[PDB]
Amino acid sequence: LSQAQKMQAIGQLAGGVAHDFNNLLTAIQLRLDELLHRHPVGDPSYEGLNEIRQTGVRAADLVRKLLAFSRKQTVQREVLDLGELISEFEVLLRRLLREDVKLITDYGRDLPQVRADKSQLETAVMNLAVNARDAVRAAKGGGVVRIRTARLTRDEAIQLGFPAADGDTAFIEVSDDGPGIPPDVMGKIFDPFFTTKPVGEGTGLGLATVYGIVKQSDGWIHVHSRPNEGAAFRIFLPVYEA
């Protein structure tokens, strides 16, 4: 879980980099094949652009083959009671908060069955919690983290965050009383290695891990957060039956 779950993080970062990287790479390929058309065989600039083109084909290939390997990781999708899951999380959740941070937990009606890798959801939810914990250091006394497990019908899902709800849906939400996330950053936030926290503190690994896990679990994740009025990360998973 610090060894087996570092292996896990590598999976989810490798998957996200692969996405960012390949988009960048396309930008580069477009531009370079454009320059090659401008400055072909005869031009002094052709050799330099070609050498770059072919040396880039090589550097990209290594990266592609590494990322692809660096994912190839294993998951046990269990049927899990959603409530029973969070009740056992409560203990670590209590462990890492303490100090001041008031914690309030809120279990809804008719709490659904959900298909997922248990150890993954643990991490997902812990990453969110730790995030919420650092987001309220400033209030000392104010800080107030709130996690809200619940059911949701297709309609209740859409307004809460998830546009593409087929039918019923399971819902987790780690809220907080922090400063919130400015619009400037809200887009870049699950980006691998993105952080506002300084060099030695921040890594930018956490939410890429979360994003990957949610996506990995047939799931949608969505945030609403205003400036000054605290963050709130919400996870949506499909309900299970058989």
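Numbering starts at 1 and follows the sequence shown.
Stretches compared: 67-75, 164-172. Higher mean C-alpha B-factor in the entry: 164-172. Taking the mean C-alpha B-factor of each stretch as recorded, 82-90 and 117-125 are not equal, and the higher mean is that of 82-90.
Within the group 199, 210, 57, 28, the record's highest C-alpha temperature factor is found at 199.
Sort the chain's modelled residues by C-alpha temperature factor and residue 20 lands in the lowest third, per the entry. Sorting the modelled residues of the chain by their CA temperature factor places residue 98 in the highest third. The PDB entry assigns residue 43 a C-alpha temperature factor belonging to the middle third of its chain's modelled residues.
Compared with the other modelled residues of the chain, the Cα B-factor recorded for residue 137 ranks in the highest third. Ranked by Cα temperature factor within the chain, residue 191 sits in the middle third according to the deposited record.
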